[PDB]
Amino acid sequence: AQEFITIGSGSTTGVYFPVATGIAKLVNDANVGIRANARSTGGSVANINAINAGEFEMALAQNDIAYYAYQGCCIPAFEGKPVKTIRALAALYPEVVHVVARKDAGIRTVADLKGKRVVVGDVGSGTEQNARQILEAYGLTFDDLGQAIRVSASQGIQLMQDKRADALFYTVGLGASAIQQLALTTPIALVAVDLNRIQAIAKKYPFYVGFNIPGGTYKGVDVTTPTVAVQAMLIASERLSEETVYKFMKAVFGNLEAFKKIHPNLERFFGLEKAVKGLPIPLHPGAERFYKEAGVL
């Protein structure tokens, strides 16, 4: 318990939080000199800013946001100043853009969001970035919305449940508690996001891939949902030593069975081979060593 590691995540009812919490517990149980804890946050942007500032040693973040940060481009949060202090540890699972709408709000498509009260994501979230890009693909801006609300997942579904919001965006792994919870109490529907419309701007944002949310994933949503997704990644500060990261990797990913128990998305989508597939930023030296020894690299 000599070296402290705080892992930035997201809303407590998202997927980043339980994954980070599980990862922290697993590394702590390994007794390798690391004392880890997860911290709820606004998401990808907030997490990357925290790692750069030296506040967090690790964090979960979307591959697209990590790329923009490392390159100092593409989104207002990082344009003009690259964040070269972040390194990738592993690609984890697909993060799907969920566009949730109350059935009584007159919303069947993204275009219908015009004049509506929409939760666009949390402050410092990756979700907000995707929402802004997707809305533009449909000819809209936050100003065209009735209200552009930035709150946590728990606050967001509360607004939806009390009818103070009409729709909500959430770039998150399938099965997020926040969405499951909302589906059980409120009549909701998932709005589609056309990949082709997105493809029209794929040159600016190349990380989107087509993704179908299986019918029955959430209560009351029995039809499949055609949308888009990016990739969740575990990242770390370049400042962490190779030895520390290497020990961490063996304690967390070295125990694959234990790791997959952390969340259904890991059991369903995680694999060491895919963990190093199409990474947007450089792997941390400690992770490279782990993957080389595992035969993955």
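Numbers follow the displayed sequence, beginning with 1.
Participant: Could you settle it for me: does 122 to 130 or 102 to 110 have the higher average Cα B factor in the PDB entry?
Facilitator: Per the PDB entry, the higher value belongs to 102 to 110.
Participant: Out of 268 to 276 and 240 to 248, which one has CA B-factors that are higher on average in the deposited record?
Facilitator: On average, C-alpha B-factors are higher across 268 to 276.
Participant: I'd like to know which of 171, 181, 227, 217 has the highest C-alpha temperature factor in the PDB entry.
Facilitator: So the option with the highest C-alpha B-factor is 217.
Participant: Among all modelled residues of this chain, ranked by Cα B factor, put residue 188 in the bottom, middle or top third, i.e. lowest, middle or highest.
Facilitator: Highest third - that is where residue 188 ends up once the chain's C-alpha B-factors are sorted.
Participant: Using the temperature factors of the C-alpha atoms in this entry, rank residue 82 within its chain: lowest, middle or highest third.
Facilitator: For residue 82, the deposited C-alpha B-factor lands in the middle third.
Participant: Lowest, middle or highest third: where is residue 166 by C-alpha B factor in its chain?
Facilitator: Middle third.
Participant: Ranked by Cα temperature factor within the chain, is residue 143 in the lowest third, the middle third or the highest third?
Facilitator: Top third by C-alpha B-factor.
Participant: Going by what the PDB entry lists, where does residue 57 fall on CA B-factor within its chain: lowest, middle or highest third?
Facilitator: CA B-factor rank for residue 57: lowest third.
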